[PDB]
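Chains as they are written, first to last, in the working numbering: chain Y, 1 to 137; chain A, 1001 to 1050.
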């Protein structure tokens, strides 16, 4: 993607300026770049475009705010910094959404009294078993 | 959920709504941070597509 070194440079420079408002966008473009490139990692990029959009949204904001604090004397690389930052942002988002739709399942399974006789047994067990599996976590 | 007997539907409207509303707040929030305008452009785009 992008030379980690030049990013160190730009961020050192925004450090120095913040020692005085905005920041350059070179580093910001690179952030978008790296977020979207990680998105194509193998554990993710697996299920759902729609989610993935919001995921990356999360991660981007997270990196934005978290750039505020990045030492140079230690952690001589900002690449991995933003990498794991977005990583955690993503897992946060996905857990939220997973248990949301889980909640939906839970609400569902608590309604079998609709109209008359002749119910079903096959499906209900599966909503149940998922609504259990997710709840295991 | 409709739940009106049989298999159950998902009434997926809210979802869009949900994600839609989501981006909106994000937009503000990121404007609230004085974000690099390139990415504010990006979020405007996300909102419009939503």
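Quick reminder that beta carbons are idealized off the backbone N, C-alpha and C, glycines included.
If we cut at 7 Å on Cβ distances, does residue i have a partner in chain Y?
i                       : result
residue 1040 of chain A : no
residue 1045 of chain A : no
Locate the alpha helix (DSSP H) running through residue i, then write down its first and last residues.
i                       : result
residue 92 of chain Y   : 79–109
residue 1014 of chain A : 1013–1031
residue 59 of chain Y   : 49–66
residue 9 of chain Y    : 4–18
residue 1048 of chain A : 1037–1049
residue 128 of chain Y  : 122–136
Which residues in chain Y have a C-beta closer than 9 Å to the C-beta of residue i? List them in chain order.
i                       : result
residue 1001 of chain A : 104, 107, 108, 111
Would you say residue i reaches chain A, if we count a Cβ-Cβ gap shorter than 7 Å as a contact?
i                      : result
residue 28 of chain Y  : yes
residue 115 of chain Y : yes
residue 125 of chain Y : no
residue 25 of chain Y  : yes
residue 57 of chain Y  : yes
Using a C-beta to C-beta distance shorter than 8 Å, which residues of chain Y count as neighbours of residue i?
i                       : result
residue 1034 of chain A : 21, 22
residue 1030 of chain A : 61, 64
Mind pulling the chain A residues with CB within less than 8 Å of residue i?
i                     : result
residue 32 of chain Y : 1038, 1039, 1042
If the cut is a Cβ gap below 7 Å, which residues of chain Y does residue i touch?
i                       : result
residue 1022 of chain A : 54
Specify whether the stretch 78–86 of chain Y and the stretch 105–116 of chain Y touch according to this definition: at least 3 beta carbon pairs, one from each stretch, less than 8 Å apart.
-> No contact exists between the stretch 78–86 of chain Y and the stretch 105–116 of chain Y.
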